[PDB]
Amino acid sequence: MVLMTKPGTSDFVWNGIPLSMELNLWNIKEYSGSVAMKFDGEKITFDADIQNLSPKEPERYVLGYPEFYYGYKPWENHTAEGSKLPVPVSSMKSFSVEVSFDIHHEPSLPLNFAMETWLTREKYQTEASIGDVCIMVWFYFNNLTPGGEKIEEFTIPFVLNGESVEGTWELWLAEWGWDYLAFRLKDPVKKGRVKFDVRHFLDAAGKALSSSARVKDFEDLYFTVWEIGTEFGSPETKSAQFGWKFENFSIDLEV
């Protein structure tokens, strides 16, 4: 069992897949109270009951992103050993991700259940900047909209509780220090099981960025990681009570 009760990263293995879990309070300057993240071989859980919160940088809006991930997270210059990522986007034929989740939170708290990747020009960057892309996939949100503005909608299939459905995904785009693309499901799901192919979101992102002056050759970027977690907070959030459980994780990367 892996148990963390303060910010940090631990590597673990879940049904043979090497992963990293990060009790990530990246934009919190100070807090009081409790946080706990645990992996027991079958499930990863997170719980927070924190108060006296203030952000390091209110311009970043959210306060943290407790998560787990497969691959190399640029910002932490970290990857567990044994991951098949990073690989160039062009080499990915398909990348299936499956997980079951159950999110709970006080009603007022800005929060999402979001997955993400970082597409970078070089294989092991320690930051993203102009020319790089962040792609997020939001399956749930509460009192939180993605950054930038909504530009498009895409119909992309996924399997929900074992049934193939067609989701309608809003695409939000922001041009910051790097390009931010967030796909947000229009019928959010707070608890369930999802399976989907990341290649559909890479394809949509490539089309959306086809006329970009900032992103040069999208298919030559490196797909570095797949992160799964919950962003939370806004610049006004002073306390946060929420938690989640993830189970039934599997992936199939075909390169």
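We number the residues from 1 along the sequence you see.
Peer 1: Which is higher on average in the deposited entry, the C-alpha temperature factors of 215 to 223 or of 51 to 59?
Peer 2: Looking at the record's C-alpha B-factors, the answer is 215 to 223.
Peer 1: Return whichever of 90 to 98 and 114 to 122 has the greater mean Cα B factor according to the PDB record.
Peer 2: Averaging CA B-factors over each stretch, the winner is 90 to 98.
Peer 1: Taking the Cα B-factors listed in the entry, which of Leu171, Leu109, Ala128, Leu185 comes out highest?
Peer 2: Among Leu171, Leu109, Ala128, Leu185, the highest C-alpha B-factor in the entry belongs to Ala128.
Peer 1: Tell me, please, which of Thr230, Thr45, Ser34, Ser210 has the highest C-alpha B factor according to the deposited entry?
Peer 2: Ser210 has the highest C-alpha B-factor of those listed.
Peer 1: Of the three thirds of its chain by CA temperature factor, lowest, middle or highest, which one includes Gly16?
Peer 2: Its C-alpha B-factor belongs to the highest third of this chain's values.
Peer 1: Based on the deposited C-alpha B factors for this chain, I'd like to know if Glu67 is in the lowest, middle or highest third.
Peer 2: For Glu67, whose C-alpha B-factor we compare with every modelled residue in the chain, the answer is the lowest third.
Peer 1: Looking at the temperature factor on the CA atom of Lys191, which third of the chain's modelled residues does it land in?
Peer 2: For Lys191, the deposited C-alpha B-factor lands in the middle third.
Peer 1: Taking the entry's C-alpha B-factors for this chain, is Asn142 in the lowest, middle or highest third?
Peer 2: Lowest third of the chain for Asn142's C-alpha B-factor.
Peer 1: Tell me, lowest, middle or highest third: where does the Cα B factor of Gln241 rank within its chain?
Peer 2: Tercile = middle for this residue's CA B-factor.
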